[PDB]
């Protein structure tokens, strides 16, 4: 079995579909509307927004394409990719971030890139013209750090985070390490937050939705993953 072939349509959609681009504009448009609303409501502390990087601001789909072509999945040559620092900005992101900056709102890029990829990450953010592309605003993941809550909490110490942007539920508060059933129920419970405080972007290529199927164990063999993937489809029995 070649697991990477199973990614192909998801990757192809993400890389080529205008629908994908439209969803990014929709997310950033909605985020801008909600940013204005939040500023008009006012805050107790200095306003901030938080964004994930990969598949929220920066497009890493060329790496996923590489995995399809080579048959070698993530993280094969992921660090090589990060070091090239050539991911493109996703639709709407830069203009939204420049708008945010124009309103005096601080931006925090909370990303699970490794802290030792900061230089490459700054390089890529400078290349795409993302504001506040500095160590003070780019909060990467420490080795052994679980999730992002620690960085969110740090930001919330000094800022009232009025919006979160991401492609993975764990880019928002309240969705860490849950089973498929539990994270899905959590979405239902927090349904009012989406498009309000949590601005979500589509990423069918990879993420916690997949990790959750493996109980977050990617050390599973390819054969194991293949069975899990098949077993979790809900098929029409004609």
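Positions refer to the first chain, counted from 1.
*Asks:* According to the deposited model, is the average Cα temperature factor higher in 217 to 225 or in 18 to 26?
*Replies:* According to the entry, 217 to 225 carries the higher average C-alpha B-factor.
*Asks:* Could you say whether, by C-alpha temperature factor, residue 122 belongs to the lowest, middle or highest third of its chain?
*Replies:* It falls in the bottom third of the chain.
*Asks:* Can you tell me which third, lowest, middle or highest, the CA B-factor of residue 183 falls into for its chain?
*Replies:* Lowest third.
*Asks:* Place residue 159 in the lowest, middle or highest third of its chain's C-alpha B-factors, as listed in the PDB entry.
*Replies:* Answer is highest: the recorded C-alpha B-factor places it there.
*Asks:* Going by the CA temperature factor in the PDB record, which third of the chain does residue 47 belong to: lowest, middle or highest?
*Replies:* For residue 47, the deposited C-alpha B-factor lands in the lowest third.
*Asks:* Ranked by Cα temperature factor within the chain, is residue 231 in the lowest third, the middle third or the highest third?
*Replies:* It falls in the middle third of the chain.
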